[PDB]
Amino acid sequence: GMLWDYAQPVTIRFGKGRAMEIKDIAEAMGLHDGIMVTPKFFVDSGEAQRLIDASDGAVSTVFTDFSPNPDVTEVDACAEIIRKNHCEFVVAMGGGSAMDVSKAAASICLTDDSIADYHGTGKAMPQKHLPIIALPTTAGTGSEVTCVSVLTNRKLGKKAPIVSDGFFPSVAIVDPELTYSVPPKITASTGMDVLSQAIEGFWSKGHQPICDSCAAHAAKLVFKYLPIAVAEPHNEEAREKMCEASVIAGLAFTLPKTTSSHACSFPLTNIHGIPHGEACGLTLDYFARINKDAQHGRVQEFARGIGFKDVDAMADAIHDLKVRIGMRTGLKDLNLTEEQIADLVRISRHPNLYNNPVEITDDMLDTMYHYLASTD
């Protein structure tokens, strides 16, 4: 017997030049006076003002004060702006960081309580929220189809996600044109994040068939088009394909969740400043050679479906992919101490690690990090 649930209530509009259709959603939903949460890059580049003028007065205010690693203070700061201008909907035009505070601010601006009162403290988020129109500009994190908002508390040293049914965006416009301006180094990291969510989402203990079809489709696209997009940022086909894999791979991690590589990326990112997708890719092919034979050859069928002889052949491609696009293949330059390696193992015992098809023991993490700390 196989039991599973599937819920995906985010409408998706895909196509180049469809970011101008924000006026079509604010008129159909009957919503005026919107706030666009976008990084300051799009403000100085005129791309933000181009869509606001196209919306024809639908969007009024703009909020750009937030970090790539967003804090709980920028969420309440964005919530205060919504409370003042009486904003009805929230536009999230950015990467995984601009869309993280948009989900949190749209639900918290309807209460007089801080966003910290629900940040990993057991308190459930109020489901009442403003509508969200996610416009991802990186390909990506797939956050435009998830109910997750990853935040940080600098004054309290806390960093934990918040999962609420009210964080689901109503509409998510995936425009590949907004990804043209992504630098090659970020394109490679965000591309590895798509590949990690696709592979981890498949071999997860909470897998389901609808997510597997999306996971296999997105993974094959990353192996083919991601090197092209890194080398050629203006390649319209390679960018559009990466957006295709990005939103589709997001549909494979919302329910089955992620496993080992995402559990190890949290210490590799927060402690050592390694970007998220690059930290996940740092251990992707490592756990692949471990889970290759689990689930009665199910992972072997995944590799053959995307065009590989075995899983070890697929793990070789993941390694050749990271080298060609300039991603980390080791941690020898960090000069990690035995205390730091032991810190990597203790913090890697995350709830996501238990979703791995093969039980990862502490002796395995100690072997992996000692191998990573001794590799260029």
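When you see a residue number, it is the position in the sequence shown, counting from 1.
Visitor: For the stretches 56-64 and 319-327, which has the higher mean C-alpha B-factor as given in the deposited record?
Guide: The stretch with the larger mean CA B-factor is 56-64.
Visitor: If you average the Cα B factors in the entry, which is higher, 256-264 or 174-182?
Guide: So the stretch with the higher mean C-alpha B-factor is 256-264.
Visitor: Can you pull the Cα B-factors for 159, 220, 207, 272 from the entry and say which is highest?
Guide: When the deposited C-alpha B-factors of 159, 220, 207, 272 are compared, 159 is largest.
Visitor: Among 212, 74, 301, 236, which carries the highest Cα B-factor?
Guide: Checking the PDB record, the top C-alpha B-factor among 212, 74, 301, 236 is at 74.
Visitor: C-alpha B factor of residue 45, ranked within the chain: lowest, middle or highest third?
Guide: Residue 45: CA B-factor falls in the highest third of its chain.
Visitor: When the deposited Cα B-factors of this chain's modelled residues are ordered and cut into thirds, is residue 112 in the lowest, the middle or the highest one?
Guide: Top third by C-alpha B-factor.
Visitor: C-alpha B factor of residue 197, ranked within the chain: lowest, middle or highest third?
Guide: For residue 197, whose C-alpha B-factor we compare with every modelled residue in the chain, the answer is the lowest third.
Visitor: Using the B-factor values recorded in the entry, state whether the Cα atom of residue 278 falls in the lowest, middle or highest third among the modelled residues of its chain.
Guide: It belongs to the lowest third of the chain when residues are ordered by C-alpha B-factor.
Visitor: How does residue 88 rank on Cα B-factor within its chain, lowest, middle or highest third?
Guide: According to the entry, residue 88 has a C-alpha B-factor in the chain's highest third.
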